[PDB]
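For reference, the chain that follows is the form deposited in one PDB entry, supplied as structure tokens.
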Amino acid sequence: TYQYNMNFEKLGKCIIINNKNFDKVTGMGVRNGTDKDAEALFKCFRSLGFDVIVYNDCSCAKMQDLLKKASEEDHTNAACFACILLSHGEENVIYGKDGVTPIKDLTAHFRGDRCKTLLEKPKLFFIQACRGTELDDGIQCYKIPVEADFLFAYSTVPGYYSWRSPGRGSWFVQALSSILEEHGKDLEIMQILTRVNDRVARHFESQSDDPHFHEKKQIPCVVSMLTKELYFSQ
């Protein structure tokens, strides 16, 4: 009872949204590497015992639909819920195939008052997406809150670039997959994420022929309203 209870026949559902190809309109490039990230994250979360489903090139509306529908499914026998968004991004919103939807709109479906079978259960959103212009230069009888029990792990701090090598995928995802691969079952969620932060920070530096992009850095950003420790075991 300092831990979330994992005594359920399922760990839970994990939805991957892998947005790669974008409608001409949006003016957004192709995200080479995302398929590599998605595969990695499929195996990872499978290892934990998540029932993982991947949906490719979803528009908004579709994104809302998935998340709304799952919000409405029955989670009684599930320990927790997890969704993963891989897309383009700017502050507070993310890209569909056809436009942008704001994150709060996706997640809100799961608020305690809007999804009872997930009440008092962790809800996890992992989000690899740009968050703005910035780039990093570097240096050497009782109730419970409806907003409680969420955790977001963003690829990056608000207002920043998110790096992704076309041939190896996200820095963040490379990191997060390895760490889960090796420690997913014996580290608390905040430990795992702190290691990702550390690994993305130390061992990664961007290179480009453009000096404006050469030798940039990155740090992921974890937002937590969990109320217990979370382990993916016992």
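When you see a residue number, it is the position in the sequence shown, counting from 1.
There is another form of the same protein, the form deposited with a partner chain bound; it is not shown, and what comes next is about it.
- Residue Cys130 is the only one of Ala82, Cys130, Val100, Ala78 with a heavy atom lying within 4.5 Å of its partner chain in the bound PDB entry.
- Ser71 falls outside the set of residues with a heavy atom inside 4.5 Å of its partner chain in the bound PDB entry.
- Among heavy atoms of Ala61, none comes within 4.5 Å of its partner chain in the bound PDB entry.
- At a distance threshold of 4.5 angstroms between non-hydrogen atoms, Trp163 is in contact with its partner chain in the bound PDB entry.
- For the chain shown alone, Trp171 is a contact residue for its partner chain in the bound PDB entry, at least one non-hydrogen atom being within 4.5 angstroms.
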